[PDB]
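Below you will find one chain, with nothing else, as structure tokens; this is the form deposited in one PDB entry, and questions on how it binds or moves follow later.
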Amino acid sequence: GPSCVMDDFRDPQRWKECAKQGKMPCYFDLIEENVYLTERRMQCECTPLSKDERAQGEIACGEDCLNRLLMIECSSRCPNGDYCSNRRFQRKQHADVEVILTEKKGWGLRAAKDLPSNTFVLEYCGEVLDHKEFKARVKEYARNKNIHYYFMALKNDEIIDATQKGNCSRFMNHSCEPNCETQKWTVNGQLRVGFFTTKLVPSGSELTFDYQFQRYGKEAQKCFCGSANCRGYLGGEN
């Protein structure tokens, strides 16, 4: 299969014509941050790491950071300042991942390196919709006869749509037996969704998560994850 690194998405011209030669997926607007179609705090208690503790390689805002435990990211005002390891989303500290053609699912994501268990992969970025905007879009995509859908539930009246605008996170595929999960994190009072490994993911391996978004309409998409325990279709029951 053809592959490409995440830096290949930064050059729209070379991208567009790579796409014409089918060596890259179709063009979409690349964004670093969620874009609201309609516009709508305090620090952790981690004891600053001494320069020596930092040298030894001790982790700043690690497993015991009060902010991390609550899936809240520290700000510029964290007592560990620049050394805070709990600003992954804001600092784009994404895993090393490539975009690959799969036999039947379209494009996908794979580890370029071994990925430890419980590792941040990518934020799922896109246009944030309310229910009304969501229902407009479902109808628009249905009428265009789109195959690939990019909806991700954020919360009540907030659905992320990475159809037109998003990042490489939009290439991660469903599996019934996944190696990743979603986590909803608080970043500057705003909620965001990121992919995280659930196990050690060998280099070259396809990255996958259990997509549980509630099915609408009559005909559901067939699942080609190939797990022995495949549910056979994409989306949650209803």
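We call the rigid core whatever largest set of C-alpha positions still superposes within 1.5 Å between the two forms. Heads up: residue numbers just count along the shown sequence, starting at 1.
Residue 41, present in the displayed chain, goes without coordinates in a third or more of the other PDB entries compared that cover both sides of it. In this entry, residue 40 and residue 41 are separated by 10 or more residues of the deposited sequence that lack coordinates.
Relative to one another, 207-215 and 54-62 have unequal mean CA B-factors, and 54-62 is the one with the higher figure. Note on 136-144 vs 163-171: mean CA B-factor is higher in 136-144. When the C-alpha B-factors of 183, 47, 186, 197 are read from the PDB record, the largest value belongs to 47.
Residues shown: 93, 156, 85, 119. Highest C-alpha temperature factor in the entry: 156. Annotation for residue 110: C-alpha temperature factor in the lowest third relative to the rest of the modelled chain, per the entry.
Among the modelled residues of the chain, residue 103 sits in the middle third by CA temperature factor in this PDB entry.
Not on display, but discussed next: the form deposited in another entry.
The rigid-core alignment places the CA of residue 142 2 Å or more apart between the shown form and the other one. Superposed on the core, the two forms barely differ at residue 70: its CA moves less than 2 Å between the shown form and the other one.
Annotation: residue 99/residue 142 CA-CA distance longer in the other entry than in the displayed model, change of at least 3 Å. Between this form and the other one, the CA-CA gap for residue 147 and residue 206 widens by 3 Å or more, being larger in the other entry.
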